[PDB]
Amino acid sequence: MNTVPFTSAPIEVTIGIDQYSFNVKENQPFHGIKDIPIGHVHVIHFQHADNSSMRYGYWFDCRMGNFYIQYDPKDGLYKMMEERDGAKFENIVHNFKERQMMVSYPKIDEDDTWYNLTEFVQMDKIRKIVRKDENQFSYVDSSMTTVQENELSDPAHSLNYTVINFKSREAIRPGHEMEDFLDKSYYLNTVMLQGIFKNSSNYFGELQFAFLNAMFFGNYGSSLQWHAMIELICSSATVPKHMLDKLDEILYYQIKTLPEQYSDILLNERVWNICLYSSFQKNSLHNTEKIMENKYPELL
Amino acid sequence: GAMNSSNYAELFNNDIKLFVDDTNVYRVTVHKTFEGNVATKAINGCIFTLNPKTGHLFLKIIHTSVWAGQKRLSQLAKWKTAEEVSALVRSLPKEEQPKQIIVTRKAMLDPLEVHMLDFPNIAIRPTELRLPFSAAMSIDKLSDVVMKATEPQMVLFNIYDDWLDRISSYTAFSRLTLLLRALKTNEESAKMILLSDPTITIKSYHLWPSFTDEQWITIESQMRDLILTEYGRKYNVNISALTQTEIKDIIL
Ligand SMILES: COC(=O)CSc1nnc(N)s1
Ligand SMILES: COC(=O)CSc1nnc(N)s1
């Protein structure tokens with residue numbers, strides 16, 4: 001189990017770690033998060049109490065380095081940094097643990113939620129969507145735009161999700177216009193899976209990462225990407241059976257975890273009604289359809 | 001975006017543009033089968049692709065063989081229309097290609113956009129105008145060439161005959177849409193109006209009769225009366241009561 005120490009907490013802030021969150025008061029003696037499960041990516045995120053503008057946070061994997069948080073009073077945010085001195089870091093953590101100044105990652109043993117949300121999410125793939133190669137961790141916030149959003153303006157601060165556009169020459173073979181537009185299997189299987197993602201695991205990883213950025217940061221372009229990747233599968237008549245079953249599991253846990261009160265902004269009525277009730281896969285998402293109908297029957 | 005009464009004069013400006021109407025592409029007669037079920041029989045159709053400024057009509061005749069062994073024909077018809085309009089654009093020299101294509105039915109937007117991906121600078125637009133182009137098959141010479149077709153065929157017409165020698169394109173278009181609206185509302189009476197007088201003929205190379213300027217005013221007045229008359233028969237309204245302002249809103 002790994003640890004992300006904090007130098008201090010000089011400003012009042014709600015701190016998230018994965019799907020958990022807790023409030024820290026201004027100048028409270030908080031010095032970090034311990035007992036972080038090894039084996040998953042994680043996200044540590046922030047919303048300041050005095051300016052809920054800009055939720056922001058950091059994706060990281062404790063296997064890739066020793067990371068800590070320190071407030072920067074010039075840039076006005078909690079920054080993640082890497083500590084290269086291993087014995088300094090161990091000594092800092094030990095002292096803070098001895099004084100019990102850390103919150104414990106509060107995982108119930110029965111609980112597979114975080115695994116189920118990050119099953120296909122890899123740090124190496126995150127770092128290609130979020131380009132800042134001098135760090136092993138990746139910053140995301142509420143306002144960052146996607147490459148596609150920018151084509152329709154600072155390229156270094158963009159979310160380089162894979163561009164999906166149903167009315168594009170990439171999606172539509174010359175001479176197969178009607179076929180490819182009404183059945184997106186070509187675009188899904190040849191262009192995206194075989195061509196760009198190489199396999200369904202990478203596709204699902206990007207899908208899951210897009211959902212998590214939408215949920216945790218209210219990142220609108222991430223929400224667009226999550227829905228586009230769902231719609232591309234649902235609108236394909238030919239999808240490997242293992243992908244459909246896995247998608248049903250992925251979406252089920254996403255819908256299960258979504259705050260009930262954020263459904264209006266995080267869920268696109270058109271996409272979900274189309275995917276669950278009109279699409280080729282309308283009958284392939286049993287778990288997802290059942291939780292959506294019991295939890296968000298208004299949307300449908 | 002969409003084309004309406006606010007931007008109506010844009011139809012007669014110098015940017016090459018075409019209307020596309022797909023109403024008459026997929027045409028059927030519905031009939032009973034020997035077993036007492038219902039079946040359709042397709043008949044030849046056409047795409048109505050019109051330049052509003054010049055009157056040039058690209059009439060692509062849709063022969064019933066294009067439907068053979070196909071499913072979901074009303075859906076296919078939209079994509080076939082889009083395919084044929086795209087092929088027409090590609091067949092035109094660059095200086096003749098449209099800058100805009102206006103579809104009369106919004107269901108044509110996605111099929112045509114997808115077929116025109118190679119032409120990102122050609123705007124595909126809907127219209128809020130209710131245009132009577134479905135009545136094209138009430139023009140005898142157009143109906144004749146469509147029904148007689150034994151294979152796919154493109155036939156070129158000027159739907160304004162020689163009117164542009166004497167009137168603007170705005171006035172020609174207004175005269176065309178009033179003729180077509182009348183033919184659409186009461187075909188029999190409209191054709192009666194257009195041919196009642198045997199001394200006025202249709203030139204071999206024209207679609208409509210050779211009316212003088214004054215005869216056109218009489219004809220256009222008779223067409224407005226027909227559309228008014230039918231409007232009254234429809235809703236059970238005493239049209240005699242109606243004022244001139246009241247008549248102006250109804251005619252379109
Ligand atoms: C007789 O040819 C021209 O006037 C070319 S300019 C133009 N044609 N069509 C339009 N809609 S604008
Ligand atoms: C009913 O819609 C119209 O545009 C009628 S006005 C008109 N027709 N013919 C002319 N010469 S002016």
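Heavy atoms only: backbone and side chains are in, while hydrogens, waters and symmetry mates are out. Protein chains get the first letters and strands the later ones, always in sequence-line order, with residue 1 at the start of each. Whatever order the structure lists ligands and atoms in, that order sets their numbers, starting from 1.
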Within a distance under 4.0 Å of any heavy atom of B:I251, pick out the atoms of ligand 2 and give their elements.
-> 1 (C), 2 (O)

Side chain B:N13, main chain B:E10, donor-acceptor under 3.5 Å | yes

Which residues satisfy the salt bridge (charged side-chain N to carboxylate O under 4.0 Å, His left out) test with B:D22, sequence neighbours excluded?
-> B:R105

Results of side chain to side chain contact (heavy atoms under 4.5 Å, CB included) for B:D140 - residues two or more places apart only | B:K191

Sorted by chain and number, sequence neighbours left out, salt bridge (charged side-chain N to carboxylate O under 4.0 Å, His left out) with B:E113 holds for A:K167

Ligand 1: protein residues within heavy-atom distance under 4.0 Å | B:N13, B:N14, B:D15, B:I16, B:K17, B:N51, B:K53, B:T54

If you draw a 6.0 Å radius around CZ in A:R173, do more than 12 non-hydrogen atoms from other residues or ligands fall strictly inside?
-> yes

Taking atom CD of B:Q244 as the centre, report whether more than 12 heavy atoms of other residues, nucleotides or ligands fall under 6.0 Å from it.
-> no

Select one of side chain, backbone, both or neither to describe which atoms of B:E220 lie under 4.0 Å from any atom of ligand 2, heavy atoms only.
-> side chain

Using a cut-off of 6.0 Å, state whether more than 12 heavy atoms not belonging to B:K203 lie near its atom NZ.
-> yes

Under 4.0 Å from any heavy atom of B:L178, which atoms of ligand 2 are there?
-> 1 (C), 5 (C), 8 (N)

Decide if atom CD of B:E214 counts as having more than 12 heavy atoms of other residues, nucleotides or ligands within a radius under 6.0 Å.
-> no

Which of the atoms in ligand 2, numbered in the order shown and given with their element, are less than 4.0 Å from a heavy-atom of B:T171?
-> 11 (N)

For ligand 2, indicate whether the residue B:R224 contacts it via side chain, backbone, both or neither (heavy-atom separation under 4.0 Å).
-> side chain

